[PDB]
Amino acid sequence: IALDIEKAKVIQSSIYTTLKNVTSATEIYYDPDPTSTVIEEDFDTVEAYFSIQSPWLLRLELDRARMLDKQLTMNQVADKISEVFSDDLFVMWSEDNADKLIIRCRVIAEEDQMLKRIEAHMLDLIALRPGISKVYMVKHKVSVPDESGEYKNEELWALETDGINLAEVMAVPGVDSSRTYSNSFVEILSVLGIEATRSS
Amino acid sequence: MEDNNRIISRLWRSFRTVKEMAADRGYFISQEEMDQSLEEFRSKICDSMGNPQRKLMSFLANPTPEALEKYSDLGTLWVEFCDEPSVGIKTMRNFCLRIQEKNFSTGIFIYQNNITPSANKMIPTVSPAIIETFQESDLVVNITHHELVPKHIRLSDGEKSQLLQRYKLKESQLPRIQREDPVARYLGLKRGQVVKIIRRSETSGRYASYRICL
Amino acid sequence: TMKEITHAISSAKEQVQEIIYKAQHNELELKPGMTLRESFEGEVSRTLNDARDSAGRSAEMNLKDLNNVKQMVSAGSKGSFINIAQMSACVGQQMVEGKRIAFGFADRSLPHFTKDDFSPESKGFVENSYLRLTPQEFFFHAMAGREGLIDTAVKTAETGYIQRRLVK
Amino acid sequence: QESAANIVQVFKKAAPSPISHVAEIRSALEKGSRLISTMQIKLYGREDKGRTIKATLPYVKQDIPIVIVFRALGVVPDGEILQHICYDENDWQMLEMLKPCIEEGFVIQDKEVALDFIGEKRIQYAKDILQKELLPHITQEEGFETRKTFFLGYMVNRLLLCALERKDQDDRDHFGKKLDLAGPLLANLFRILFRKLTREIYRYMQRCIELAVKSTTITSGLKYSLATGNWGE
Amino acid sequence: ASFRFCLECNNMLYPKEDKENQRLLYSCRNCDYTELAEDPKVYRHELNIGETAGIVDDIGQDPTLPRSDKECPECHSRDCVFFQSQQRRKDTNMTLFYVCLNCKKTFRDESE
Amino acid sequence: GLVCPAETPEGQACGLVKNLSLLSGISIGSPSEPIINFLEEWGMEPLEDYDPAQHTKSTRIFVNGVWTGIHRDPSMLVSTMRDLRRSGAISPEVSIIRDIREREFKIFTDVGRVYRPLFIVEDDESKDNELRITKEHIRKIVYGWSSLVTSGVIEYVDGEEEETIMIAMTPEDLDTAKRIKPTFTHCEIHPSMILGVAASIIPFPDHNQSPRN
Ligand SMILES: [Zn+2]
Ligand SMILES: [Zn+2]
């Protein structure tokens, strides 16, 4: 896979998007009835989630245009959230069709203090899709051996990062751990042996 | 398929790597024994559903017909894996002992996530023999394979005691290489051993450098 | 030719007024990795630059095989295209820290300007040629050169240190 | 000789720092001694962690959480404190910010304790650093506590006005906010002199168990400076 | 949000739960005062308010502002002044907000 | 306007040494009270007794960096002080800045504020749309610069006050040869005044590479 446009992306998104970057706002309402809300634009979202806790609520209003950029899914988003905390935090969510994306949830001695520390732990210690932010794609000039002998123009996509971790972004299915390269020579030496280090 | 389908694909590449290192170290191994496709691998070290059982992967290997020619006493090696994603000081004695008796000289445990501080504090406790520790997630890709990584090579205390006479060197005057160096480990060096590096050069074609291991 | 150029700046001016209208309407998408604002600049810059680039090129081919300045450039004994350009056509865009003349005055270049003027005549684009600058152009230009003089008076001895080290 | 004084400035402080933003104001009596002690109205808690507001006072070892600075001033109830900082009950954001802060000082409920936590012997000193050190311009008189309070309020305001992206970080090089010409120089210089003459004339008066003024310290002193280029004595 | 204080000793209001009856209360920890919940909303974070930044009628006397000859969506005049959001965010957008010398409206140029 | 853009030493200290334009001058140091008073008696309800909610959008006023109370409708407080300076009853050296966009009033007496002079525009033409100064004042030049100021025809604008004014370049205006040229409160005495002693002797400094000048 060299000039595989979509193959490029397929790796990009496999190498940093956080809940914090898709959330337009978050509020914590008082809803003591785990079978209906004190909120209108939420009703449906309850009933349609009982077929195929604490009275304290926490709602998140994610961005639409922001879910198309870094590309995301309520199913995923939450899926992640849920498995982050697990069996001590029941969470729900609407479906990509709606005109307002939302995520409700509750815990499981002073709860207004806890359900607020879990406010952050949600916006800054939870990833969706480390040290590797922005990741652009590029079409480079790579001279190469035509079968017929002569060298010829065979550009191939490449992913450039905006951060540096190697030991890890190396063993990823779809890369060539024989050509990867960070300008951080410090690293290269630590991973590939002083020699390769020198080379850098 | 879930996300466990990949925790296999890796344990496999990590495997082949081990092999390569073992043959490069100076042992027997067929190119095939390295080229065991992912397919014909699954059904060989798996149980029921589709999980791999490592306790059955570990193996031995020995000094090639050749290796005995430059290096006489180079003993036999033993590579081991473990299903305990946190192996400790107890499941240790099983390794520390298994060789101190069989009498090999080269131990190679492949800890998945990490060994206990109580554990490994029992390595240099069985000389002459020596033992090494390699993290899993660090052998997924053979590092030697890299573009920038030039070919290294060991040197009999003969080929060494030669370089020194041939260049009039006082050992210290020779470019060094770290004991905890990625490549140094890969070929399993020791404090006092030399290594000839041979890489491509846009000036002569090939240059021949040497690094002693401090 | 001095005319053919003028209108290569006018048209270039509108290809800016145009993308400014189309920005003051949110009618443009964010090129992945860049801010909606940043991406606005990225074009204005690439617009004025390409404008300026041919502005000069019109004169370059307009100077016969007798033009002395040309001669002193072909011989390779002094100056280049750029030079002719800034002297017979358009001086260019001024700049500091990489971005066209800032807003030192809340939302404006000089007090002689209307707030929020993101145009080129405000951000430091000297449309004039040395042969012909307007105060604004003349100023920005200075702020631009000023950055230049700066490092020629800084990189001068820090470069010498880095040198010294390599030696010792 | 070219940063002007008695003015409010707000600076953002780098990602690596326990402080988010901070506002300062360099103060000095335009005429009379002229102290060079500045006010720091910090804002801990980076743009994330679960965000207090503390300020620095002259001679105080550590820093104090704004609430106390108010009660210690003459404002003891909440909301009467938010009274000074925020000027629009319908600006929940800002107010929100303040919330966590109020909790900080919730433990000190009056002017007694207020001036205390600042360490009978200790309480008295507390006052001092407020009538002669705290935002010393405005006036160091006495019955104006109120005024300084509205400032420290206008300040804590300016802080937030930025930490909420409504006002940029203060332009450090906006020439308008920066020149001590000749005339002024002689001033700060003369004082340094006449003052040594002042306490000189104090010694002749402290020996007479019953003329003296060496008018050479103001003549020769002046010359030295002006001659070389070394102001200070 | 628009939270509340309390009569008696003008202070901050902390919330507590009406266990046995299931409903929200607000209170004080200086005295005893206690009032029911005004709204089920308690806290908001919001990761678009402040773009209209203080626009006193006198905003037609700040000469340093630009002049556009459009016509508000109501009074149909032709003397408007404008700018961009005052939200100093490197990621903001560039839409124009207009004020009219004949009303004090807030019409934009936006179209999405 | 205040400092010359070109004249400044190369290498070493460069930009740490500035020279004044021709028109620039420095403030000297006026008195505050004759203006503190002049205020709390023209709409300035003292800070001492303030109420944030009864007085919402209360434009707060500062004096030399001190907060001397707010004021209700200021639009006038403003165009009164400004009329006071132009007759010459509050030193032409003082600075007054109104920042509507924030609701505040800046008062500066300070000593060390660089300021330049400008023509006043004021749409004061019940005969059109104009510089208070006319060709009758000119040819009239017992008529010093002290009178050009005692008649509100020119103002001393420090850098701060500058922020809230709109300056017109060429008084007049505001051929295939000349350089292409692209609310006003003041006009520029002359652009060639932004230069200081040094450049003033340089011919056509507007035709050379700035770093050379
Ligand atoms: Zn109460
Ligand atoms: Zn209208």
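Observations, loosely collected:
- Members of the stretch C:55-81 found to be out of contact with any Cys (no Cβ under 7 Å at 6 or more places or on another chain) and within 20 Å of F:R179 (Cβ to Cβ), listed by number: C:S58, C:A59, C:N62
- Residue count for the stretch D:93-150, restricted to those that are under 23 Å from D:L82 (Cα atoms) and acidic (D, E): 7.
- The stretch C:23-61, subset within 14 Å of chain E (Cβ to nearest Cβ) and among the hydrophobic types (A, V, I, L, M, F, W, C), residue nearest to A:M137 (Cα to Cα): C:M34
- Residue within the stretch E:88-99 that is more than 14 Å from chain F (Cβ to nearest Cβ), out of contact with any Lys or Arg (no Cβ under 9 Å at 6 or more places or on another chain) and within 16 Å of ligand 2 (Cβ to nearest atom) present: no
- Residue ID - nearest to the other protein chains (Cβ to nearest Cβ), chosen from residues in the stretch D:148-170 that are outside any helix (DSSP H, G or I) and under 20 Å from the mean Cα position of the chain (by Cα): D:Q169
- Among the residues making up the stretch E:38-72, those that are within 13 Å of chain F (Cβ to nearest Cβ), surrounded by fewer than 17 Cβ atoms within 10 Å (Cβ to Cβ) and within 16 Å of ligand 2 (Cβ to nearest atom) are E:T52, E:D57, E:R67, E:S68.
- Candidates E:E17, E:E35: the one that is more than 16 Å from ligand 2 (Cβ to nearest atom) and either of a type in the set (G, A, S) or within 11 Å of chain A (Cβ to nearest Cβ) (or both) is E:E17.
- Note on the stretch E:2-77: enclosed strands (runs of 3 or more DSSP E) holding 2 or more residues that are more than 11 Å from ligand 1 (Cβ to nearest atom) and closer than 30 Å to A:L123 by Cβ are E:14-17, E:24-27, E:41-44.
- In the set E:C9, E:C75, only one residue is within 16 Å of ligand 2 (Cβ to nearest atom) and either farther than 30 Å from A:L57 by Cα or within 14 Å of chain F (Cβ to nearest Cβ) (or both); that residue is E:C75.
- Residue check for D:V107: farther than 23 Å from D:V22 by Cβ and of a type in the set (V, I, T): yes
- Hits in the stretch B:139-166 (condition: surrounded by fewer than 17 Cβ atoms within 10 Å (Cβ to Cβ) and either within 12 Å of chain A (Cβ to nearest Cβ) or of a type in the set (V, I, T) (or both)): B:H145, B:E147, B:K151, B:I153
- Test: E:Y98 is farther than 23 Å from D:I102 by Cβ and away from ligand 1 (no atom under 16 Å from the Cβ): yes
- Test: residue in the stretch B:26-49 that is polar (S, T, N, Q), under 26 Å from B:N113 (Cα atoms) and either in a helix (DSSP H, G or I) or touching a helix residue (DSSP H, G or I) at 6+ places or on another chain (Cβ under 8 Å) (or both): yes
- Of the residues making up the stretch A:155-173, one or more are within 14 Å of chain B (Cβ to nearest Cβ), loosely packed, with under 12 Cβ neighbours inside 10 Å and closer than 26 Å to B:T144 by Cβ.
- Here the condition is being farther than 30 Å from F:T109 by Cβ and in a strand (DSSP E or B); of D:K49, D:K61, D:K42, it holds for D:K42 alone.
- Only one entry of A:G131, A:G149 meets the criterion of being surrounded by 11 or more Cβ atoms within 10 Å (Cβ to Cβ) and more than 13 Å from every other protein chain (Cβ to nearest Cβ), and that entry is A:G131.
- Scanning the stretch C:109-138 for residues that are within 30 Å of E:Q61 (Cα to Cα) and at the interface with chain F (Cβ under 7 Å from one of its Cβ atoms) gives C:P111, C:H112, C:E121, C:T134, C:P135.
- For the stretch F:69-99, a residue qualifies if it is assigned to a helix (DSSP H, G or I) and touching a strand residue (DSSP E or B) at 6+ places or on another chain (Cβ under 8 Å), and the qualifying residues are F:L77, F:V78, F:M81, F:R82, F:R85, F:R86.
- Enumeration of residues in the stretch B:142-193 that are among the hydroxyl-bearing types (S, T, Y) and within 30 Å of B:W12 (Cα to Cα): B:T144, B:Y186
- Some residue of the stretch F:155-166 being more than 14 Å from chain D (Cβ to nearest Cβ), touching a strand residue (DSSP E or B) at 6+ places or on another chain (Cβ under 6 Å) and crowded, with 17+ Cβ neighbours inside 10 Å: yes
Methodologically, a virtual Cβ is constructed for each residue, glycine included, from the backbone with ideal geometry; neighbour enumeration extends over all protein chains shown. None of the figures in this text is laboratory data; all of them are computed from the coordinates on show.
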